[PDB]
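Take a look at the structure set out below.
Ligands are counted one by one from 1 in listed order, and the atoms in each one are counted from 1 as well. Start at 1 with the first residue, then count along the sequence.
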Amino acid sequence: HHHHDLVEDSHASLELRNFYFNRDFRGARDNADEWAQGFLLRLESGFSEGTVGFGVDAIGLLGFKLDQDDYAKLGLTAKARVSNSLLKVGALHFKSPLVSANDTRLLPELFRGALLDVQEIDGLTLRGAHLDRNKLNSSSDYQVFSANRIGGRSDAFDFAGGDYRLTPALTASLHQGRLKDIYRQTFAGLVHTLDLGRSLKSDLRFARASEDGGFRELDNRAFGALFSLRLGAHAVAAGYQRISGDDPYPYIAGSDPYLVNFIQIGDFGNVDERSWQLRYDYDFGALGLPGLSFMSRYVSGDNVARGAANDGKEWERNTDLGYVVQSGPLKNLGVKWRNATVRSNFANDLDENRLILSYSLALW
Ligand SMILES: CCCCCCCCOCCOCCOCCOCCO
């Protein structure tokens with residue numbers, strides 16, 4: 001019986017987040033501070049029997065400040081399954097080259113709309129979405145979209161894309177989408193994974209955007225290259241990014257851009273910006289400290305447009321230090337410290353600390 005299949009096969013978890021966030025400006029008059037507690041209840045039902053299985057997911061968000069992020073929200077999502085392909089309608093949170101929901105604050109950004117994931121066929125995975133609302137990570141209400149830096153107003157985002165495995169090691173991607181009445185963007189990607197005794201990942205990105213509808217003329221191009229070398233417990237990555245045209249890298253305001261040099265604070269997607277990144281990771285497991293992690297990265301950008309000049313420059317340093325409790329009562333309890341420093345000649349200098357204490361508990 002259907003209703004009961006929904007429950008019998010359902011799963012659920014609760015996540016607790018305690019979150020401290022600090023922004024210190026070099027213009028101290030813009031210094032923000034926040035201490036908050038969040039709760040996230042995730043409910044995923046099973047599917048009703050048949051060719052097309054139906055189900056329902058829910059996500060409950062509660063946040064309050066401790067000193068916006070003072071709210072409660074429940075988002076429903078109807079779903080429909082055939083073979084291994086999935087359609088969702090309602091509240092959405094997913095990642096893709098042209099649109100990615102953010103979850104780096106207390107509570108996640110959500111979109112409203114329809115998302116369709118077609119199961120991998122012959123090495124090919126197709127995805128598509130129609131979105132019509134954005135709910136910023138820090139707020140409870142759904143609003144229409146605008147574009148980062150660029151502005152505009154839009155009540156529809158659409159995209160379709162394919163990810164194709166040319167071989168087991170090489171994946172090619174092509175996504176096309178539109179933020180209605182603001183911009184159109186197309187993305188092509190190539191990713192090579194070399195697994196030896198140790199690994200090298202090569203990630204190439206190219207995206208072009210222009211205006212849509214009656215929006216002011218818009219021209220942007222963004223090329224990215226990221227090479228990530230895994231060497232035992234060590235990892236080093238080098239990234240290169242170049243933004244071109246009259247306009248900066250467009251994306252839905254509030255969301256995450258798919259730029260290889262997008263980091264804790266900056267996207268390095270300013271007009272004409274050229275940037276390079278070095279990144280290091282160490283996993284302390286082999287050493288005997290499973291659960292301890294460290295990450296450090298640096299990005300330097302130049303060629304940024306300042307009026308008719310191109311002498312804008314910036315750099316940002318990030319450091320992540322994190323520990324997950326491995327055993328005992330408090331098992332799965334995780335603490336993470338994210339520290340960022342930014343300096344530029346076209347924006348304000350900033351130091352930022354994020355401290356996140358998180359605990360996840362399976363209900364069933
Ligand atoms: C948490 C502090 C992060 C600072 C980064 C330190 C850089 C670590 O580089 C060490 C790499 O050294 C390679 C080891 O040299 C090979 C010889 O011995 C290897 C066999 O144990």
Next on the checklist: I'd like to know if atom 14 (C) of ligand 1 has any protein heavy atom within a distance of less than 4.0 Å.
Outcome noted: no
Checklist entry - So which protein heavy atom does atom 9 (O) of ligand 1 come closest to, and at what separation? => result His234 CE1, 4.2 Å
Checklist entry - Is it true that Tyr282 lies under 4.0 Å from ligand 1, counting heavy atoms only? => result no
Checklist entry - Any protein heavy atom lying closer than 4.0 Å to atom 19 (C) of ligand 1? => result no
Next on the checklist: Among all protein heavy atoms in this structure, tell me which lies nearest to atom 3 (C) of ligand 1, with the distance rounded to 0.1 Å.
Outcome noted: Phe294 CE2, 3.6 Å
Checklist entry - So, for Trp35 and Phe19, is the gap between ring centers shorter than 6.0 Å? => result no
Checklist entry - Does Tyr282 have its ring centroid less than 6.0 Å away from the ring centroid of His234? => result yes
Checklist outcome for this item: One finds that the ligand 1 atoms under 4.0 Å from a non-hydrogen atom of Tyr280 are 5 (C), 8 (C)
Item to check | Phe223 six-ring centre to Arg242 NZ/CZ under 6.0 Å and within 45° of normal | outcome: no
Checklist outcome for this item: Sorted by chain and number, sequence neighbours left out, ring-ring contact (aromatic ring centres under 6.0 Å, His included) with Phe187 holds for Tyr258
Checklist entry - Within 45 degrees of the axis of the six-membered ring of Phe346 and under 6.0 Å from its centre: does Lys313 put its NZ or CZ there? => result no
